[PDB]
Amino acid sequence: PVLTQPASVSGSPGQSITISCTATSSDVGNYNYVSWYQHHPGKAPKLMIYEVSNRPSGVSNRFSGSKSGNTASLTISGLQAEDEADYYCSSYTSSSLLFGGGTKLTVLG
Amino acid sequence: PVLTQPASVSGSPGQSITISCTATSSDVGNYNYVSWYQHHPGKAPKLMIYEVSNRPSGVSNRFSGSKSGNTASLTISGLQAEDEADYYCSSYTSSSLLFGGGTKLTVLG
Amino acid sequence: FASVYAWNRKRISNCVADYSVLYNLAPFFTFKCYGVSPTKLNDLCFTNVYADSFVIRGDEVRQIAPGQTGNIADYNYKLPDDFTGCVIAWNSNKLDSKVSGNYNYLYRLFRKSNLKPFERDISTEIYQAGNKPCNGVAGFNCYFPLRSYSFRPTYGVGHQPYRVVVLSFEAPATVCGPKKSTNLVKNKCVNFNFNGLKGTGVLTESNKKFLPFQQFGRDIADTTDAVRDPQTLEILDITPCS
Amino acid sequence: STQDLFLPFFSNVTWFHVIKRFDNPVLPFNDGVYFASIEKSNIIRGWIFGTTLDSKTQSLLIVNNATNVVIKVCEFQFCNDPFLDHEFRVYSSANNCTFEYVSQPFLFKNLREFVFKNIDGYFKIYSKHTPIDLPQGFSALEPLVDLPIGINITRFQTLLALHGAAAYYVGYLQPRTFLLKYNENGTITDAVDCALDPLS
Amino acid sequence: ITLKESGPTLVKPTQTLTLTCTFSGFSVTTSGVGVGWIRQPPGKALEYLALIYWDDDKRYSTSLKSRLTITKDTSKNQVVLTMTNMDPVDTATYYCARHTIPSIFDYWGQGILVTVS
Amino acid sequence: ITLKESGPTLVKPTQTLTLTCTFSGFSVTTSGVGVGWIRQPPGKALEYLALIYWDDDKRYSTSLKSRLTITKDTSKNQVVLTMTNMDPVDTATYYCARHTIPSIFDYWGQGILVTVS
Ligand SMILES: *[C@@H]1O[C@H](CO)[C@@H](O)[C@H](O)[C@H]1NC(C)=O
Ligand SMILES: *[C@@H]1O[C@H](CO)[C@@H](O)[C@H](O)[C@H]1NC(C)=O
Ligand SMILES: *[C@@H]1O[C@H](CO)[C@@H](O)[C@H](O)[C@H]1NC(C)=O
Ligand SMILES: *[C@@H]1O[C@H](CO)[C@@H](O)[C@H](O)[C@H]1NC(C)=O
Ligand SMILES: *[C@@H]1O[C@H](CO)[C@@H](O)[C@H](O)[C@H]1NC(C)=O
Ligand SMILES: *[C@@H]1O[C@H](CO)[C@@H](O)[C@H](O)[C@H]1NC(C)=O
Ligand SMILES: *[C@@H]1O[C@H](CO)[C@@H](O)[C@H](O)[C@H]1NC(C)=O
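- In its metadata, the entry names cryo-EM as the structure determination method and reports 3.1 Å as the resolution.

- The PDB entry lists chain C under the name Spike glycoprotein, from Severe acute respiratory syndrome coronavirus 2.
- What the PDB record gives as the title of this entry is "SARS-CoV-2 Omicron BA.1 spike ectodomain trimer in complex with the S2X324 neutralizing antibody Fab fragment".

- Identification of chain A as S2X324 light chain from Homo sapiens is taken from the PDB entry.

### Observations concerning the overall build of chain C
And then number 1: Counting secondary structure elements, chain C contains two helices and 16 strands.
And then number 2: On C-alpha atoms alone, chain C measures out to a radius of gyration of 27 Å, which is more than a quarter above the 18 Å that the 2.2 N^0.38 rule sets for 242 residues.
And then number 3: Principal axes of the C-alpha set define a box for chain C whose edges measure 90 × 35 × 30 Å.

### Digging into the overall build of chain A
And then number 1: Each helix and strand in chain A was counted, giving zero helices and nine strands.
And then number 2: Overall, chain A shows an N-to-C arrangement of helices and strands of β-β-β-β-β-β-β-β-β.
And then number 3: Here chain A has a C-alpha radius of gyration of 13 Å; the compact-globule value for 109 residues is 13 Å, and the two agree.
And then number 4: Projected onto the principal axes, the alpha-carbon positions of chain A cover approximately 40 × 30 × 30 Å.
And then number 5: The long-range fraction of contacts in chain A, counting pairs at least 24 apart against all pairs at least 6 apart in sequence, stands at 53%.

### A closer look at the environment of C:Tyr149
Residues and elements named next belong to chain C.
And then number 1: Counting through the fold element by element, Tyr-149 comes out in the loop between β9 (146-148) and β10 (161-169).
And then number 2: The spatial distance from the C-alpha of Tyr-149 to the C-alpha of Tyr-107 is 7.7 Å, given a sequence separation of 42 residues.
And then number 3: What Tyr-149 contacts, discounting residues up to four positions off in sequence, is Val-4, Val-55, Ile-56, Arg-57, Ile-72, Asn-102, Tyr-105, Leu-106 and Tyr-107.

### Structural notes on the arrangement of the chains
And then number 1: If you rank the six pairs of chains in contact by how many contacts each has, first place goes to chains A and C.
And then number 2: One finds no contact between chain B and chain D; the C-alpha atoms of the two approach each other to within 47 Å at their closest.
And then number 3: Separated without contact, chain B and chain E have their nearest C-alpha atoms at a distance of 45 Å.

### Considerations on the pairing of strand β14 (residues 174-182) of chain D
Residues and elements named next belong to chain D.
And then number 1: With five bridges joining them, strand β1 (residues 2-6) and β14 adopt antiparallel strand pairing. The residue bridging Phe-6 from the neighbouring strand is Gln-174, located in β14.
And then number 2: For β14 and strand β15 (residues 188-193), the ladder comprises five bridges, and the chain directions are antiparallel. Bridge pairing in β15 links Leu-179 to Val-192.
And then number 3: Linking β14 back to β15 in an antiparallel pair, the connection comprises five residues, with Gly-186 at a positive phi of about 80 degrees.

### Overview of the interface of chain E and chain A
And then number 1: Opposite the eight residues of chain E that make contact, chain A presents eight residues.
And then number 2: Its residues placed into classes, the side of chain E that touches chain A shows five nonpolar, three polar and no charged.

### Considering the pattern of salt bridges
And then number 1: The salt bridge involving C:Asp52 is made with C:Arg9; its shortest N-O contact spans 2.9 Å. Taken together, the residues span a long stretch of sequence, with C:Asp52 in strand β4 (residues 49-57) and C:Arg9 in strand β1 (residues 8-12) at a distance of 43 residues.

### Overview of unusual backbone geometry
And then number 1: Of note, C:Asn141 is a non-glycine position whose phi angle comes to about 55 degrees, a positive value.
And then number 2: Residue placement: C:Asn141 occurs in the loop between β7 (127-128) and β8 (142-143).
And then number 3: Phi angles above zero are rare outside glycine, and E:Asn85 is one such case at about 55 degrees.
And then number 4: One can find E:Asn85 in the loop between β8 (78-83) and β9 (92-99).

### A short note on the interface of chain A and chain C
And then number 1: Between chain A and chain C, the residue contacts involve six residues of the former and 10 residues of the latter.
And then number 2: Of the residues assigned to the side of chain A that touches chain C, the class counts are one nonpolar, five polar and no charged.

### Examining the sheet that holds strand β7 (residues 68-73) of chain E
Across a sheet, strands are paired by hydrogen bonds formed along the backbone, either parallel or antiparallel in direction.
Residues and elements named next belong to chain E.
And then number 1: Taken in spatial order, the four strands make up an open sheet running β1-β3-β8-β7, and their pairing is antiparallel. Edge strands, defined here as strands with exactly one partner in the open sheet, are β1 (2-6) and β7. With direction set aside, neighbouring strand axes in the sheet form an average angle of 20 degrees.
And then number 2: Alignment of strand β3 (residues 17-24) against β8, held across six bridges, turns out to be antiparallel.

### Structural notes on the sheet that holds strand β6 (residues 71-76) of chain B
Residues and elements named next belong to chain B.
And then number 1: As summarised here, the arrangement of the three strands in space is β2-β6-β5, forming an open sheet in which the pairing is antiparallel. At either margin of the open sheet sits one strand with a lone partner, and together these are β2 (17-22) and β5 (63-68). Along the sheet, successive strands turn relative to each other by an average axial angle of 20 degrees, direction set aside.
And then number 2: With six bridges connecting them, β5 and β6 associate as antiparallel partners. In the strand pairing of β6, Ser-68 is matched with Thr-71.

### Brief notes about the pairing of strand β7 (residues 86-92) of chain B
All names here are of chain B.
And then number 1: In this structure, strand β3 (residues 35-39) lies alongside β7, joined through five bridges in antiparallel fashion. In the sheet register, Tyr-37 faces β7, and the bridge partner there is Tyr-88.
And then number 2: Note that β7 and strand β9 (residues 103-107) share two bridges and pair antiparallel. Bridge assignment links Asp-86 to a residue of β9, and that residue is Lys-104.
And then number 3: The pairing of β7 with strand β8 (residues 97-99) spans three bridges and is classified as antiparallel. Opposite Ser-91, over in β8, you have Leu-98 as the bridge partner.
And then number 4: In this structure, the hairpin formed by β7 and β8 is closed by a connection of four residues.

### Description of the state of the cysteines
And then number 1: Here B:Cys21 connects covalently by a disulfide to B:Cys89, the sulfurs 2.0 Å from one another. Sign of the S-S torsion, about 55 degrees for the bond between B:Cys21 and B:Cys89, identifies this disulfide as right-handed. Here B:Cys89 lies in strand β7 and B:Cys21 lies in strand β2, a separation of 68 residues in the sequence.
And then number 2: Note on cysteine connectivity: D:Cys74 is disulfide-linked to D:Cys97, with sulfurs 2.0 Å apart. Across the S-S bond linking D:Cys74 and D:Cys97, the dihedral sits near 105 degrees, which makes this disulfide right-handed.

### Considerations on the UniProt feature "disulfide bond" in chain C
Residue and element names in this part refer to chain C.
And then number 1: The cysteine pair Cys-33 and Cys-86, annotated by UniProt as disulfide-bonded, shows a sulfur separation of 2.1 Å, below the 2.5 Å cut-off, so the bond is present here. Here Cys-86 lies in strand β5 (residues 85-91) and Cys-33 lies in strand β3 (residues 30-34), a separation of 53 residues in the sequence.
And then number 2: Between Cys-45 and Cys-176, where UniProt records a disulfide, the sulfur-sulfur distance comes to 2.0 Å, consistent with the annotated bond.

### Focus on the packing of aromatic side chains
The relation between two aromatic rings is expressed through the spacing of the ring centres and the mutual angle of the planes.
Residues and elements named next belong to chain C.
And then number 1: Centroid distance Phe-54 to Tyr-77: 4.5 Å. Interplanar angle 45 degrees. Geometry classified as tilted. Linking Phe-54 in strand β4 with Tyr-77 in the loop between α1 (72-75) and β5, this pair joins segments that are 23 residues apart in sequence.
And then number 2: Between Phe-110 and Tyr-143 the ring centres are 4.2 Å apart and the planes differ by 5 degrees, which places this aromatic pair in the stacked class. Within this pair, whereas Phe-110 is found in the loop between β6 (106-108) and β7, its partner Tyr-143 is found in strand β8, the two being separated by 33 residues in sequence.
And then number 3: Across from the ring centre of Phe-118, 4.9 Å away, lies the NZ or CZ of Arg-9, which sits over that ring.

### Quick notes on the side chain of D:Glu39
Residues and elements named next belong to chain D.
And then number 1: Residue position: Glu-39 is located in strand β4 (residues 33-39).
And then number 2: A distance of 2.7 Å separates the side chain of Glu-39 from the backbone nitrogen of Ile-43, its partner in a polar contact.
And then number 3: There is a polar contact of 3.1 Å between the side chain of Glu-39 and the backbone nitrogen of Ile-44.
And then number 4: Ignoring any residue separated from it by four or fewer positions in sequence, one finds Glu-39 in contact with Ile-44, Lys-109, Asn-110, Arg-112 and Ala-166.

The rules we used
- Residues numbered from 1 in each chain as written, not as in the entry; some residues may be left out.
- Chains lettered and ligands numbered in written order.
- Part of a larger assembly, values for the part shown.
- Heavy atoms only, no water.
- Residues with missing side-chain atoms left out of burial classes, pairs and counts.
- Helix = DSSP H or I, 4+ residues; strand = E, 2+ residues; numbered from the N terminus.
- Rg over C-alpha atoms; globule rule 2.2 N^0.38 Å.
- Contact = heavy atoms within 4.5 Å.
- Pairing = 2+ DSSP bridges.
- Nonpolar A, V, L, I, M, F, W, Y, C, P; charged D, E, K, R; others polar.
- Salt bridge = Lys/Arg side-chain N within 4 Å of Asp/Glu carboxyl O.
- Axes fitted to C-alpha atoms, helices over the stretch in contact; angles between N-to-C directions.
- Disulfide = S-S within 2.5 Å.
- UniProt positions renumbered as here; feature names shortened; annotations may be inferred.
- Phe/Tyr/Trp six-rings, centres within 6.5 Å; stacked < 30°, edge-to-face > 60°.
- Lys NZ or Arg CZ within 6 Å of the ring centre and 35° of its normal.
- Polar contact = N/O pair within 3.5 Å; in protein donor to acceptor, adjacent residues only side chain to side chain.

Set out below in structure tokens:
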């Protein structure tokens, strides 16, 4: 009953970065309500993706996602130097909601 | 980065002998494109085996081959007095192609 | 074959689509369909068929499918989530590879955003990765969009080149499968189907003077009593069996 | 007895002339069109069928020449007054093509009759050629080709060769019932228009 | 659509922490809309604490169910969360955020840092 | 499938050796097919010199890269290899052969013997 993520991801600006989040339980059920957040130190967490692949307003079209089985992925296309943040996944379980461990993104240059 | 062969091979007619060729580098990669030649002095070199174990047309079924690791072997069964020739191996490397030192075959009698 | 960054499409129409001829191209590596069965291909007649061809690495073949992402799927060749058709790929090392590496096959590495399904981008315009204009000067945070594969004979599985063909299968249809047929039996008593005209009875020689454009005839009760054989163009007189 | 789109008997047929000015208007296409012409010097070469009648929507272009007939379905940038040069001066460019068909030519004065129908996506042509206002007498037209064009038609135009004189007639088909008589060889020899008069 | 937070930043061991969230731009009495609390201790991921719905239905994290109580006052647009028996290890930034189904939390506030000592 | 070789048999020191291979029975301008040269000095094994591909991609032995140039004429079915700065030790029989992937070389010609003196 824990959402599992990679510790970190990296690549050069202009390249594609993939951040994965996988369930380790069946408690997630349909697992069709996966959210992704972008957290900058000193700032409130921002919603980037919801309901697996939808964007909120005020969000760049460089951000998109999808699901396969019980694993979700966040895709960051055209990586920018401004994308350095801690990314988190979140989903529902039978009696609670969970957040992922958090993946640290680094931009190379 | 040199293909290594025995100085010579010998045996009785009607029997089977083996001519070996071993790579001494990883530049060969898959080492799956080994060619064997039978060179009769005064004439052009003839292809006997290619792609490790395959025969060209115009080649006796007495000739076959195989691979183990990064070493190739040419098998000559039913050895004839007409098989007295200098045998060569060839393979690809990272930026070029190489030939082996050459093995001199002698038929006893 | 075209590079993946610049995949080549041609339209297929007004033909008989024999799908057995493409199983004698190479041993067998990757083959998958979608919305269609491999064994119903020589039957279903399509409104439009498109063939998209390109060369990629073996490890990239898995990206050419609905729901996939990575590099090729996003920046070079994207398929829709509702894609219908069949994908064929095979190992082409023996034709495409070179000793020092075949550098004539390119793919896009640097791209501002993901492509739409069946979108292509043939541009080689300099990509700005940083927050400053380089004005064409390939220095820091400034890149040429494309990279080469450099395919070699020494490469193992997954690094070797593969030729990929995607057949997109889509109103009046023009791309139909082949039809089977048997021998014609005369002066006996058979069941029969002549180019869609089904019936039963005895087929005999006819003396009906059909016009050049007529395929079958009828009696005074508007019931079929003669057909033209679609292969021999002969007229067969149809009567009930004794 | 059959119900289909036929040209009603004893109806009004529009008579256009070709010369020194020729008639080349864009005419409507309703349920179907009956086209006929009388000429000696082969001035009428082809037809245009479509809707926007320009490089805005796809259109069916049928043009005959000395060796074959060329049928194309494309988005054509048609001329304001398209013609053949006795070279092609019908359109400036074909930007998007979907269908093409080639066969032997479709084409005492020479009388040629054509029937153009567009049913369920199929554009079908019937025709006959005989030696010779319109003449009296009766003859049925045989089919030429039924093409899977798959387009709409609302208007059409006749393509003339410019460099003689000719004339052509245009009528329209209606969903009437006719009584057709087939002779011993299956040739239609006579017909009755069941809505012409109380005797019929 | 904003949410502001206020309350104690320093709490003594075994005492009770009370945080008040004040929101504006929306109502919490509408269907499908609630308000919840999340915390983030240093070096750790976001942790769910409590959630109150428009109908006064109150739900809590299973591990803190016995320690948390959440109430609301719809006349002032305020939500109050109290956490009893504060431990020295309970040092984290607390956040107030709007709760919905298709998207779990959004419009997160800046958060308030609470240290127990 | 046949390949014939012709050219100088005697070359002076520091001069350039030019050999021409004329082929028939096949076209070089096809995928997967090239033409290369190999030499065999007395008492030694076969040594790779140069390879030209159907698309005019030119490759050379790393030790002779600066000394060899290979070109082709597809109109006459001929391939020409030139080797500059010939040394007294560059005495060998030169061979023209077809190059493919599953088989590095085949259809070897009889070869031409070149001596430097
Ligand atoms: C390609 O050539 C081979 C050998 O003649 C043939 O068997 C195969 O059917 C051909 N491919 C197609 C699609 O016809
Ligand atoms: C192909 O069909 C034509 C009829 O259009 C027929 O005359 C011809 O004999 C057929 N060919 C074969 C091989 O059956
Ligand atoms: C059109 O046909 C009618 C008969 O239905 C006739 O009376 C009328 O004069 C014709 N019009 C012309 C211009 O001939
Ligand atoms: C008729 O048109 C076809 C196709 O455009 C062309 O190949 C042919 O030469 C033309 N015939 C003449 C006499 O120009
Ligand atoms: C060409 O016409 C076809 C319909 O026949 C249409 O589907 C296609 O998108 C058109 N292509 C262009 C470039 O307009
Ligand atoms: C023809 O017109 C109808 C409307 O009456 C429209 O629904 C149909 O799509 C049109 N077909 C073409 C090919 O434009
Ligand atoms: C049918 O055709 C024949 C010629 O083959 C002709 O003599 C006969 O009169 C025709 N029958 C009729 C009713 O026209």
